[PDB]
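Step one of this worksheet: look at the structure below.
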Amino acid sequence: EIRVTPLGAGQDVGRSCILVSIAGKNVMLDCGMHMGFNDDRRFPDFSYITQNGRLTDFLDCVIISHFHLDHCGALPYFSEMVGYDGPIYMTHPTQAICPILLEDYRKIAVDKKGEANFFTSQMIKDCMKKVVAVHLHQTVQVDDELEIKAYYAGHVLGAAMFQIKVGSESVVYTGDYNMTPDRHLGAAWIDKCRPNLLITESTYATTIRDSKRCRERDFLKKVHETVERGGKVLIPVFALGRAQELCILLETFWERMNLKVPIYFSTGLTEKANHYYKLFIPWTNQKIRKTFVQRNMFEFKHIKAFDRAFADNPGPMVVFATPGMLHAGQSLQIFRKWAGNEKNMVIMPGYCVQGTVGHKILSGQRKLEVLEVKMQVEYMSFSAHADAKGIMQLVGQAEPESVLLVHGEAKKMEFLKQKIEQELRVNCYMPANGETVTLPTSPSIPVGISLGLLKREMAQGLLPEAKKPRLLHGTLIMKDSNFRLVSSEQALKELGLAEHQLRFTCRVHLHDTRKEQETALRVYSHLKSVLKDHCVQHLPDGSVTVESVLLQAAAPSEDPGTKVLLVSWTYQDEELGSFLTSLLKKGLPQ
Amino acid sequence: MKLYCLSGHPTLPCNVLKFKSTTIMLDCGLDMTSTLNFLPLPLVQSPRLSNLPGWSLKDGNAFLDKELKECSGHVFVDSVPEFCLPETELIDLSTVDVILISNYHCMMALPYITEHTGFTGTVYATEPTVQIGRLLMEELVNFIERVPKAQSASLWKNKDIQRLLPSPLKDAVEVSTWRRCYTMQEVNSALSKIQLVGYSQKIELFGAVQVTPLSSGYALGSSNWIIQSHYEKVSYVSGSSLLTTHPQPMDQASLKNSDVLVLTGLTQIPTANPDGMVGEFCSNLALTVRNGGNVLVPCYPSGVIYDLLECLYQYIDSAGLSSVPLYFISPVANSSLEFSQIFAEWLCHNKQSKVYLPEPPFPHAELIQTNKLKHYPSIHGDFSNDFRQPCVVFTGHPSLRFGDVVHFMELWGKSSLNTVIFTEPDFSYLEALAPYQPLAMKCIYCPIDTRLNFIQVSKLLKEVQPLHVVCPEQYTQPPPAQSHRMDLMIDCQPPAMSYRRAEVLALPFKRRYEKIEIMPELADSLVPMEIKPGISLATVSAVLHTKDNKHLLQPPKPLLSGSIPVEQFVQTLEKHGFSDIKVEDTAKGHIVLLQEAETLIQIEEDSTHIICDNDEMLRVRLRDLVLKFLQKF
Amino acid sequence: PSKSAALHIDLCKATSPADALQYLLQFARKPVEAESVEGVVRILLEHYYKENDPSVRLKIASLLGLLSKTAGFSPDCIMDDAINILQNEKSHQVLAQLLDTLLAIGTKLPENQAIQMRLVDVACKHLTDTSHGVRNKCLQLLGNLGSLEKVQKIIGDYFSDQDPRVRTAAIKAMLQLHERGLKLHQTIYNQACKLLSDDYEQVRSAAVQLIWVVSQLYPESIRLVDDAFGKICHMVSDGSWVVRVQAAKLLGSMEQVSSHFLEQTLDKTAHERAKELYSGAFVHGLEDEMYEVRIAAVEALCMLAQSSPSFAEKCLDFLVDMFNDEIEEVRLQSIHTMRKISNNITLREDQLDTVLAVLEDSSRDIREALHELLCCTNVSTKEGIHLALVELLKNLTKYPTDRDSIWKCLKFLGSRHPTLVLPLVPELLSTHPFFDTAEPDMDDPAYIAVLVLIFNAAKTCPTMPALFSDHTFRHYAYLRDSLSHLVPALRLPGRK
Ligand SMILES: [Zn+2]
Ligand SMILES: [Zn+2]
């Protein structure tokens, strides 16, 4: 059976981790932290999975989805001071990019919180030495019976859906994903594999996001308005994903509109991010991988590095800066520099965490903590998550047997549960964190078959005698290693048992005045006339044959009014023999 | 299973394998042996090749004076170069269903099969294979083009004249099916018919078969294939390199435990020590540079070029020759470098870690940054502005019969100080260099090979132990170069059957079992029973449901086996209610009489017989009794 | 002669695979017989066929078909092939070779009745194999030898049989029967729906072509074409892009549909938000995948928009926002479809971004296509004419090479609607109400561009020669002298 225990993201967001038991094997899908709890509760609870035992002994394999912090932030914590040496599977791009993000989070955690029992850089290097990398669609056997497979996702670069299949059992974990083809990230594509379970997120399940293309049309027309008014444009984005998406979008638009105004990009992570985006071309869909023949799209002709004196250099300006939530805010520094002007513009393309300075800016008051804002704001939605119709399309393509919702908010999750149960009549599950849910399976046990027996039975099925029970017969030889199905004759010659023959001879007593030779002739003619489409032949020694049933007029008995007919048959045609004896008990025509 | 081999070439195969209900063909050879025979194509018409004298028929009937030309006592044919095809008429390639590719050299011949013949199924190859293949077919079509020489001769292609001609024109094989080169619309048609695959990807075909590619390691993305059904395994290995090379290392774990192993793509020069000849290359290159001339190296834009540039990077750092520049000249040079740059996950662990520590896996990007090596698409233009002497040139085509290679050595043939270095083993350099003879150029033949030698073949076969082995006749037979040597032939137990060009083999196997599934409710219903220790069996009664060649059983005539004992028979008749039953014995059987219905039963060894009157309910009672006193099969 | 010598050589050699394959390959690759000796060669081949090596037998059968491709033989070879098919039941290879020879004989020359195709069809029906042996080939045999304009039961069974390859061959036979006519029925529609639901690739791709062809055959189920169209759209949202390209081209080939169902397909928006500011089929099928399905979608949209006089606005917005599709082929096809649908069409707000489109870096094809769009379009408002003029003059002063297309599109604008420009005449050219305005430059391209629009407007409306100044009089004389095909004849007092 299927056991699913989410340690995190149970009716919640962040610190996602799911423990899946399939046929007694332990697959741990994803392990990250989450902001908001400065306590150890941001890390996933380990007192259930192994209590205080051995993680490598109890758990069997680790799967990592993508390089977002709430998904790959907890690997050195899970594997280094808690202790784990088992297999960790994650893609080559995500493997290349997670340690840099981990190092940045480590430095930021030192500079903000300074937790004493915190993972160190050297054992971060040790963990990324311990991890194992997997290509797309590569069926990787963790051991003999357990294998994993990757599917392209589109949440970010390197993101991967994962299908975990043991025997015929199959659980597909989407992780985070998208259906909308990004300007540099392709849509998620899956085989119609019919999984037994579908673990999925639904971050945006109550919002039907509209036309993406018209959304960047709105963004481009307003940024064109601002640069034609000569103002300053500041875009607070986090430096991974959407940053390079907007970079490609503005590179295309600026080249086509043939403009000359300088633009700048936030430093720090730009060199590493752009290096990885250059060196991981075969993940960024067929547009960029086709354009790679002439040029390289990630090599930017108009985008340079930002300079703090270029900040107060005058003229029209467009700058991408960090971060998206403005907690530290060199972007907030330039915001405070440019807040006096009414000409300048900002676009906030992501959902801000409420109760923070980003929430103060998102709300409409002038005074934010206190400084008064004057330059114009916009709140756009360039999020790369999945929507309601996209989720319905994914489940309709995948056709799973049951689904399980994580990574979102509870009322939204319930709305999707109601809608999917009304739509596809497929069972849904809503685990809380720390809750184990159990689902029954259909473990069909394999068996062999003789090819000749298969060929003749398939020929009989192809013959136009269908819809009648043809009664597939044979026997199952069991060795506890190779269960096989064989024919009866094949089993006999294999096992050496004698082909036993059973014979019945009934003495039909016929009471009539006809002669015995004429009685046998009457038997032959009567059986030929009654049994239509039956092999009724007259053997020249005076006998009758009906298929494999032999009728012989026996020696004259002591009763002149009684004639003995020996009807002889085997067990295989003994229904026909019983019918023949019933007809002869009814008697010959006279 | 049946195998049709359509290529007598050991390295460039086409193998049509017939297994179960599907047809899977492997690889695509485009033998440039006829290209070697044809005359070279100058980019600009050289006076000496313009006025090469015409060899004449001794009878004088045919117009071979203008159909053929002679040079240095040796004869060549004057036309556009041709290409030898695999014999396509042995099996209808339309009925051939699914095509697999090992590597780009084995996909060179794809538009021929995929456009003209009428094949309409699917084709599989890995991403680096298909991309480097597209680059190679682009270069090839460009060089057969870029100067159209539309002349074509056919009276030499007449068989009698071919017999009358001397060797190697006497030695030409299958001249009739040689064809002219293909074009961009054909290239794009095949390259849109392609589909993709990564390593260890399980591709199911109709439920009938499943195919997986494994890293052979010879080239970037070069892949051996594994075709399996649930009891049958065919390992097709073509061109692996188990030495430490730039691609992913060879993976024999899934290769082992195979029913039929087909082995092709072995070495051409078994006696070649690769790294030693690479060092000799570097020494000769340094000698030529110190002498102050120009060196030519003809090479394909994959593999050997990358290895050569790495070693030359180390050696130029060793010898301090940063003054002399390197020019890589081919119309596919820029895209070749970029594709080799971004193809990272297909490499080995050293280069993957180099990626993981933000630097490019190959050092020639750093070489470009240091401007020692410059790439150029064609010799006309800015390359003519930036040319230097002394110099190094790696040129586009290694078969030497067309391209910037032939133009450059027409330029440099008079001088002796310059040097040509052959680096690819796919042709005989004697027949390659025959047309330019006499030649003042220093020629040094140091071929570079990574295909596994026969020692490693023996080691690999002893490691994997397959049931059947299939290898070419040229690998069974001793080579003509060293027939005395014994290690040059493949040895296997059992000895492998060979094959010749356009040959048919029936592999030693009989199909016995296949994969069927039971359904859990029916498995619950079925109850096994035991007659022998360790043997428990159960009769079955089900309904087969077969969609897409996969088979399953669901609930909607067995016979008897086993002798019945007379003593237990009469004992259970007495304990069931039958009485007054008398038994007499015979030589081998027992006659038992039941007085009710006057039933006489004789029991013998594998013989039982019941005779009674016209009775029904007693008869069916005895029916169920005698059938329940045995085991059902 | 040569055939007899080849047969004698083959009989004399009698090597198992070697001489047989060599002789077969030589006879095939040398030449055609090009005579009546093909029958004698076929007789010798049939005599030699009674032997081993079924592979060599299949090669001989293929050679016989290649010889029959020259149309020398007919009925005697047909009878011999019938005898060989009746007596040669030896595995899949020989069965396939016999099927191919039968197809070659049937399609080679006769194309007639009276045991020229009917006997072969009956033979194929009786000799349908048990496991993939002939089934596909005999299905295409009956497809190419469709009996008459009177097989439906057996094709229905072969739709639901085992192999997807056999299913696809049956569907290809359905293509052949429809292109020969044969007037298929509505049970084919039902079984085509259950073949659309087939859980497998390319079976869907050809079966949806069948559902298209029965739907365009006749619209009578309950609504047949609307149900088929909805099935088409719910099939468009499949992941397989080859299937999607096929889907979009075939739904574009579909031409009649319920209009309200078509707006239901376009139904979900920032388009109507912008419209208020001024005052799921295609909406997934355009921005689902890349340029293949995009081009197929826009060709579908142009065909059915040319069909439907309505419906155009709800794709007008869906084109004006989907200009910048970052694939220039998609760009050009978008402009071409906007041209082809631009009839009874207003662009009361969309002029601004569709002319920010013609402001463009180099894109000479794109700018020329947009000039064609602006010359073949319609506008409603005087303000729209004014701004169209001002950014067209931006384009001319920014890229002073396509001024010829600029002048011709301004000409077509003036000819298309003259009356819109009438209030602008004092404003576009400075004609200060009492002053003597200085004479405008003669060969200034901007002034030429405005003058040609003025004259093409003044073709019909006569109420502006009095509005003209004297420089306009002599400039009309000079422009009519110079650019004969850009300005028309007029009725000015100076130039009678
Ligand atoms: Zn995420
Ligand atoms: Zn997430």
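For the structure tokens, the naming scheme is as follows: chains receive sequential letters (A, B, ...) according to their order of presentation, residues are indexed from 1 within each chain, and ligands are indexed from 1 in presentation order.
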**Request:** Write out as JSON, numbers by chain each polymer residue whose atoms come within 10 Å of residue 344 of chain C, counting only C-alpha atoms; drop sequence neighbours fewer than 6 positions from it.
**Result:** {"C": [309, 310, 312, 313, 377, 378, 379]}
**Request:** Using only C-alpha atoms, select each residue of chain B with any atom at most 8 Å away from an atom of chain C, and give the selection as a ChimeraX atom specification.
**Result:** /B:21,89-91,176-177,206,502-504,546-549
Serialized selection, N, CA, C and O atoms, as a CSV table (one decimal), in the first residue's frame:
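Generated file (part.csv):
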chain,number,residue,atom,x,y,z
B,21,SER,N,7.1,-9.1,-33.7
B,21,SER,CA,6.3,-8.6,-34.8
B,21,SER,C,6.7,-7.2,-35.3
B,21,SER,O,6.0,-6.6,-36.1
B,89,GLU,N,17.7,-3.0,-51.5
B,89,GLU,CA,16.6,-3.9,-52.0
B,89,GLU,C,16.5,-5.2,-51.4
B,89,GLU,O,15.7,-6.0,-51.8
B,90,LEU,N,17.4,-5.5,-50.4
B,90,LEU,CA,17.3,-6.8,-49.7
B,90,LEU,C,16.0,-7.0,-48.9
B,90,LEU,O,15.4,-8.1,-48.9
B,91,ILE,N,15.6,-5.9,-48.3
B,91,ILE,CA,14.3,-5.9,-47.6
B,91,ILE,C,13.7,-4.5,-47.8
B,91,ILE,O,14.3,-3.5,-47.9
B,176,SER,N,27.2,0.0,-59.3
B,176,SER,CA,26.0,0.4,-59.9
B,176,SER,C,25.1,1.2,-59.0
B,176,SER,O,24.4,2.1,-59.5
B,177,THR,N,25.1,0.9,-57.7
B,177,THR,CA,24.2,1.6,-56.8
B,177,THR,C,24.8,2.9,-56.2
B,177,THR,O,24.2,3.5,-55.3
B,206,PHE,N,5.0,-0.4,-29.1
B,206,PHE,CA,3.8,-1.2,-29.3
B,206,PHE,C,3.5,-2.2,-28.2
B,206,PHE,O,2.7,-3.1,-28.4
B,502,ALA,N,25.4,-7.7,-47.7
B,502,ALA,CA,24.0,-8.1,-48.1
B,502,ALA,C,23.9,-9.6,-47.8
B,502,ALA,O,23.7,-10.4,-48.7
B,503,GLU,N,23.9,-9.9,-46.5
B,503,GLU,CA,23.7,-11.3,-46.1
B,503,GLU,C,22.6,-11.5,-45.1
B,503,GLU,O,22.2,-10.5,-44.4
B,504,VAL,N,22.1,-12.7,-45.0
B,504,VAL,CA,21.0,-13.1,-44.1
B,504,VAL,C,21.4,-14.1,-43.1
B,504,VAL,O,22.0,-15.1,-43.5
B,546,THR,N,-6.2,-8.5,-24.6
B,546,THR,CA,-5.0,-8.1,-25.2
B,546,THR,C,-5.1,-6.8,-26.0
B,546,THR,O,-5.7,-6.9,-27.1
B,547,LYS,N,-4.7,-5.7,-25.4
B,547,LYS,CA,-4.6,-4.4,-26.1
B,547,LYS,C,-3.1,-4.1,-26.3
B,547,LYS,O,-2.4,-4.1,-25.3
B,548,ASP,N,-2.7,-3.7,-27.5
B,548,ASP,CA,-1.4,-3.2,-27.8
B,548,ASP,C,-0.3,-4.2,-27.4
B,548,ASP,O,0.6,-3.8,-26.7
B,549,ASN,N,-0.5,-5.4,-27.8
B,549,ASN,CA,0.4,-6.5,-27.6
B,549,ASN,C,0.8,-6.8,-26.2
B,549,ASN,O,1.7,-7.6,-25.9
Contacts between ligand 1 and chain A, please, where a residue of chain A counts if it comes within 12 Å (with only C-alpha atoms and all ligand atoms); show its shortest atom pair and distance in Å to one decimal, rows by chain and ascending number, as a tab-separated table.
residue	atom	partner	partner_atom_place_in_ligand_line	distance
A:9	CA	ligand 1	1 (Zn)	11.8
A:13	CA	ligand 1	1 (Zn)	10.0
A:14	CA	ligand 1	1 (Zn)	8.8
A:15	CA	ligand 1	1 (Zn)	10.6
A:16	CA	ligand 1	1 (Zn)	9.6
A:30	CA	ligand 1	1 (Zn)	10.7
A:31	CA	ligand 1	1 (Zn)	11.7
A:32	CA	ligand 1	1 (Zn)	10.2
A:33	CA	ligand 1	1 (Zn)	11.7
A:34	CA	ligand 1	1 (Zn)	11.3
A:64	CA	ligand 1	1 (Zn)	11.2
A:65	CA	ligand 1	1 (Zn)	8.5
A:66	CA	ligand 1	1 (Zn)	6.9
A:67	CA	ligand 1	1 (Zn)	7.6
A:68	CA	ligand 1	1 (Zn)	5.2
A:69	CA	ligand 1	1 (Zn)	7.8
A:70	CA	ligand 1	1 (Zn)	6.9
A:71	CA	ligand 1	1 (Zn)	6.8
A:72	CA	ligand 1	1 (Zn)	9.6
A:73	CA	ligand 1	1 (Zn)	11.5
A:153	CA	ligand 1	1 (Zn)	10.8
A:154	CA	ligand 1	1 (Zn)	10.3
A:155	CA	ligand 1	1 (Zn)	6.7
A:156	CA	ligand 1	1 (Zn)	7.8
A:157	CA	ligand 1	1 (Zn)	10.9
A:158	CA	ligand 1	1 (Zn)	11.5
A:159	CA	ligand 1	1 (Zn)	8.8
A:160	CA	ligand 1	1 (Zn)	10.9
A:161	CA	ligand 1	1 (Zn)	11.9
A:174	CA	ligand 1	1 (Zn)	10.7
A:175	CA	ligand 1	1 (Zn)	7.4
A:176	CA	ligand 1	1 (Zn)	5.0
A:177	CA	ligand 1	1 (Zn)	7.7
A:178	CA	ligand 1	1 (Zn)	10.4
A:200	CA	ligand 1	1 (Zn)	11.8
A:201	CA	ligand 1	1 (Zn)	9.5
A:202	CA	ligand 1	1 (Zn)	11.2
A:203	CA	ligand 1	1 (Zn)	9.7
A:240	CA	ligand 1	1 (Zn)	11.3
A:241	CA	ligand 1	1 (Zn)	10.5
A:383	CA	ligand 1	1 (Zn)	10.7
A:384	CA	ligand 1	1 (Zn)	9.2
A:385	CA	ligand 1	1 (Zn)	8.1
A:386	CA	ligand 1	1 (Zn)	10.8
A:406	CA	ligand 1	1 (Zn)	11.9
A:407	CA	ligand 1	1 (Zn)	9.0
A:408	CA	ligand 1	1 (Zn)	11.3
Output C-alpha atoms for every residue in the selection just made, as a compact mmCIF listing (two decimals), in the first residue's frame.
# COMPACT_ATOMS: atom_id res chain seq x y z
CA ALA A 9 3.62 22.17 3.46
CA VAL A 13 3.50 26.82 2.24
CA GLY A 14 7.22 26.28 2.56
CA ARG A 15 9.52 23.70 4.19
CA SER A 16 8.01 21.07 1.89
CA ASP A 30 12.16 17.24 -1.34
CA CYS A 31 13.54 18.89 1.82
CA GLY A 32 13.70 22.65 2.33
CA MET A 33 13.18 25.32 4.97
CA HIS A 34 10.79 28.24 5.02
CA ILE A 64 15.07 16.92 -5.02
CA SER A 65 12.81 18.89 -7.36
CA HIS A 66 14.29 22.33 -8.05
CA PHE A 67 16.62 24.95 -6.64
CA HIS A 68 14.16 27.18 -4.80
CA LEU A 69 15.23 27.70 -1.19
CA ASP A 70 12.06 26.13 0.23
CA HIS A 71 12.99 22.95 -1.66
CA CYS A 72 16.78 22.57 -1.57
CA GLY A 73 17.70 24.59 1.53
CA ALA A 153 8.52 20.97 -15.36
CA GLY A 154 9.01 24.65 -16.18
CA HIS A 155 8.73 26.16 -12.70
CA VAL A 156 12.36 27.25 -13.04
CA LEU A 157 15.38 26.02 -14.96
CA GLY A 158 16.35 22.46 -14.10
CA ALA A 159 12.98 21.79 -12.48
CA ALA A 160 11.71 18.26 -12.84
CA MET A 161 8.58 16.28 -12.19
CA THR A 174 5.00 17.25 -9.64
CA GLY A 175 6.87 19.49 -7.28
CA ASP A 176 6.41 23.02 -8.47
CA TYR A 177 5.59 23.43 -12.14
CA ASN A 178 3.88 25.42 -14.89
CA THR A 200 0.87 18.03 -6.66
CA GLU A 201 0.91 21.68 -5.68
CA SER A 202 -1.81 24.24 -6.38
CA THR A 203 -0.40 27.65 -5.34
CA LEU A 240 16.86 33.66 -9.95
CA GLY A 241 14.39 32.71 -12.66
CA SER A 383 4.50 34.36 -11.48
CA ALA A 384 5.55 31.05 -13.03
CA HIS A 385 3.25 28.72 -11.10
CA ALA A 386 0.30 26.58 -12.18
CA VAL A 406 0.30 20.30 -0.99
CA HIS A 407 2.11 23.65 -1.10
CA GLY A 408 -0.75 26.12 -0.72
**Asked** Taking only C-alpha atoms into account, what are the residues of chain C at most 7 Å from chain A, put as a PyMOL selection string?
**Response** chain C and resi 130+239+269+288-289+321-322+360-361
Can you spit out the residues from that selection as a PDB file, in the first residue's frame, using C-alpha atoms?
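Output file again-v2.pdb is given in full below:
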ATOM      1  CA  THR C 130      -3.667 -14.125 -37.793  1.00  0.00           C
ATOM      2  CA  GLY C 239       0.438  17.469 -25.502  1.00  0.00           C
ATOM      3  CA  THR C 269      -9.391  39.962 -19.832  1.00  0.00           C
ATOM      4  CA  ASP C 288       0.379  26.734 -25.993  1.00  0.00           C
ATOM      5  CA  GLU C 289       3.514  25.727 -27.908  1.00  0.00           C
ATOM      6  CA  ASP C 321      -1.733  41.507 -28.982  1.00  0.00           C
ATOM      7  CA  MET C 322      -0.022  38.597 -30.717  1.00  0.00           C
ATOM      8  CA  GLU C 360      10.560  48.723 -36.082  1.00  0.00           C
ATOM      9  CA  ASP C 361      14.342  48.231 -36.140  1.00  0.00           C
TER      10      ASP C 361
END
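Shortest separation to ligand 2 among A:280, A:569, A:105, A:204 occurs at residue A:204, atoms counted being only C-alpha atoms and all ligand atoms.
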**Request:** Show me which bits of chain B are within 8 Å of chain A, counting only C-alpha atoms, as JSON, numbers by chain.
**Result:** {"B": [197, 198, 199, 200, 201, 202, 335, 341, 342, 344, 345, 355, 356, 358, 360, 511, 512, 513, 514, 515, 516, 517, 518, 519, 520, 534, 535, 536, 537, 538, 539, 540, 541, 542, 543, 544, 556, 557, 558, 559, 560, 561, 562, 563, 606, 607, 608, 609, 610, 611, 612, 613, 614, 633]}
**Item:** Interatomic distance, atom CA of residue 495 of chain C to atom CA of residue 444 of chain C (Å, one decimal)
**Value:** 22.6 Å
**Message:** With only C-alpha atoms as the counted atoms, please give the residues lying no more than 10 Å from segment 186-191 of chain C, apart from itself and same-chain residues fewer than 5 positions off, as a ChimeraX atom specification.
**Reply:** /C:152,155-156,159-160,174,196-197,207,210-215,217-221,224,228
Let's have the selection written as a short mmCIF file (atom, residue, chain, number, x, y, z; two decimals), in the first residue's frame, with N, CA, C and O atoms.
data_model
loop_
_atom_site.label_atom_id
_atom_site.label_comp_id
_atom_site.auth_asym_id
_atom_site.auth_seq_id
_atom_site.Cartn_x
_atom_site.Cartn_y
_atom_site.Cartn_z
N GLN C 152 -17.55 -2.57 -45.05
CA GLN C 152 -17.77 -1.75 -43.88
C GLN C 152 -17.75 -2.54 -42.58
O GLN C 152 -17.22 -2.05 -41.58
N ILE C 155 -13.95 -3.44 -41.96
CA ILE C 155 -13.16 -2.29 -41.53
C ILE C 155 -13.58 -1.85 -40.13
O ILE C 155 -12.74 -1.38 -39.35
N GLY C 156 -14.86 -2.02 -39.77
CA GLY C 156 -15.28 -1.71 -38.41
C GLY C 156 -14.63 -2.62 -37.39
O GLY C 156 -14.23 -2.18 -36.31
N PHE C 159 -11.02 -1.73 -37.02
CA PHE C 159 -10.79 -0.56 -36.18
C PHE C 159 -10.58 -0.96 -34.73
O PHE C 159 -9.80 -0.31 -34.02
N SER C 160 -11.26 -2.01 -34.27
CA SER C 160 -11.24 -2.40 -32.87
C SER C 160 -10.34 -3.60 -32.62
O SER C 160 -10.29 -4.14 -31.52
N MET C 174 -9.18 4.37 -45.08
CA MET C 174 -10.37 5.22 -45.05
C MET C 174 -10.13 6.51 -45.81
O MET C 174 -11.03 7.01 -46.50
N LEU C 196 -10.89 8.15 -31.53
CA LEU C 196 -10.23 9.33 -30.97
C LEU C 196 -9.78 9.04 -29.56
O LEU C 196 -8.69 9.45 -29.14
N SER C 197 -10.60 8.32 -28.80
CA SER C 197 -10.19 7.85 -27.48
C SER C 197 -9.48 6.50 -27.62
O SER C 197 -10.06 5.44 -27.43
N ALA C 207 -7.09 9.37 -37.01
CA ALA C 207 -8.50 9.19 -36.72
C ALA C 207 -9.22 10.52 -36.60
O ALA C 207 -10.41 10.63 -36.92
N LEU C 210 -10.22 11.51 -39.87
CA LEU C 210 -11.49 10.85 -40.21
C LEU C 210 -12.69 11.53 -39.56
O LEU C 210 -13.76 11.62 -40.17
N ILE C 211 -12.55 11.99 -38.31
CA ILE C 211 -13.71 12.63 -37.69
C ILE C 211 -14.00 13.96 -38.39
O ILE C 211 -15.17 14.32 -38.59
N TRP C 212 -12.95 14.65 -38.85
CA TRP C 212 -13.14 15.85 -39.65
C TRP C 212 -13.87 15.53 -40.95
O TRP C 212 -14.76 16.27 -41.37
N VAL C 213 -13.48 14.43 -41.61
CA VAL C 213 -14.03 14.21 -42.93
C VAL C 213 -15.48 13.75 -42.85
O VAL C 213 -16.31 14.13 -43.68
N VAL C 214 -15.85 12.99 -41.81
CA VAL C 214 -17.26 12.63 -41.69
C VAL C 214 -18.10 13.83 -41.26
O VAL C 214 -19.26 13.98 -41.68
N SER C 215 -17.53 14.71 -40.43
CA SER C 215 -18.26 15.91 -40.02
C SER C 215 -18.49 16.84 -41.20
O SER C 215 -19.58 17.41 -41.35
N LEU C 217 -18.64 15.76 -44.21
CA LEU C 217 -19.60 15.05 -45.05
C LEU C 217 -21.02 15.45 -44.70
O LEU C 217 -21.72 16.06 -45.52
N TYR C 218 -21.47 15.16 -43.47
CA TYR C 218 -22.82 15.66 -43.17
C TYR C 218 -23.08 15.96 -41.70
O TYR C 218 -22.70 15.18 -40.82
N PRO C 219 -23.75 17.10 -41.40
CA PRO C 219 -24.04 17.56 -40.02
C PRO C 219 -25.39 17.11 -39.44
O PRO C 219 -26.27 17.93 -39.15
N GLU C 220 -25.58 15.81 -39.24
CA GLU C 220 -26.87 15.32 -38.73
C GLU C 220 -26.65 14.21 -37.70
O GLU C 220 -26.56 13.03 -38.06
N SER C 221 -26.55 14.59 -36.43
CA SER C 221 -26.56 13.62 -35.34
C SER C 221 -27.74 13.80 -34.40
O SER C 221 -28.53 12.87 -34.21
N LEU C 224 -24.00 17.64 -34.90
CA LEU C 224 -22.87 16.79 -35.26
C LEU C 224 -21.58 17.58 -35.45
O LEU C 224 -20.55 17.20 -34.89
N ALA C 228 -18.30 17.44 -33.10
CA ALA C 228 -17.02 17.11 -33.69
C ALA C 228 -16.01 18.21 -33.44
O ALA C 228 -14.85 17.94 -33.13
#
**Asked** How would you write, as a ChimeraX atom specification, the set of residues in segment 55-238 of chain C that DSSP gives as helix (DSSP H, G or I)?
**Response** /C:55-68,75-87,91-108,118-126,135-144,152-159,164-179,186-196,203-217,224-236
**Request:** Write out as a ChimeraX atom specification each polymer residue whose atoms come within 8 Å of segment 250-252 of chain B, counting only C-alpha atoms; drop sequence neighbours fewer than 5 positions from it.
**Result:** /B:214-217,240-242,464
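For the pair atom CA of residue 291 of chain A and atom CA of residue 290 of chain C, the interatomic distance is 13.0 Å.
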